[PDB]
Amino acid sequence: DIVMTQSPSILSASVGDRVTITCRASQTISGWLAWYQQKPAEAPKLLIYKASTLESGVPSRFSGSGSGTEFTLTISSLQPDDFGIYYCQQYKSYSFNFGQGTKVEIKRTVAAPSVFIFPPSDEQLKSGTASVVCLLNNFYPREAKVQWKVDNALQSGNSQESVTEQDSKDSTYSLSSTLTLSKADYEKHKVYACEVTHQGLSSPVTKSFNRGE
């Protein structure tokens, strides 16, 4: 095997920036190197082969260089659809090794989240548990603080968050925060509130409902 080492492991750049990513081979591989872009939930997709040949249909902004043990992938003008993980791969010999990737994150202007709240469904309550969902949609940067309040009491230890990958067109994120309670615990209170703090908001936004309205 030939060990492929990539640098940096992560980078953050703005649309229009010139980006370079390097790949080092543990021993010479001549020009037998391919580059791929992997977008979320997708297989890697070929960009370059033979260190510098552009695969048909790949945008002209991508280019590759190097020989032997040191290789570089250049994106001349970074676009929102360029976010993802980039991998180099040697094909000089077994085991046709890939590097550990360079994660490319897109930077953009601050975008405040739009906040939505969902009470539990009547169907779920029938089954004995209440899931309350708070959605923070299409915001930037990813850092956001969500606090749950039930009858104004601050909650702790009964919620989970999930954040999406960056959007391929507008580079924003979305986030869900789900509060889970038993039907008995849910029926003990009235006011269910989701409080959101984010750089794009002048002051925290609260979305709330009263159990039954």
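Residue indices: 1-based, along the sequence shown.
> Give the stretch, out of 118-126 and 133-141, with the larger mean C-alpha temperature factor in the deposited entry.
Going by the record's values, the stretch with the higher mean is 118-126.
> If you take the mean CA temperature factor per stretch, which one wins between 181-189 and 145-153?
According to the entry, 181-189 carries the higher average C-alpha B-factor.
> Among 37, 172, 65, 160, which carries the highest Cα B-factor?
If I rank 37, 172, 65, 160 by C-alpha B-factor, first place goes to 65.
> Quick one: classify residue 202 as lowest, middle or highest third of the chain based on its Cα B-factor.
For residue 202, the deposited C-alpha B-factor lands in the highest third.
> Quick check for you: using the entry's CA B-factors within this chain, is residue 54 in the lowest, middle or highest third?
For residue 54, the deposited C-alpha B-factor lands in the highest third.
> Looking at the entry's B-factor column for C-alpha atoms only, identify whether residue 41 ranks in the lowest, middle or highest third of its chain.
It belongs to the highest third of the chain when residues are ordered by C-alpha B-factor.
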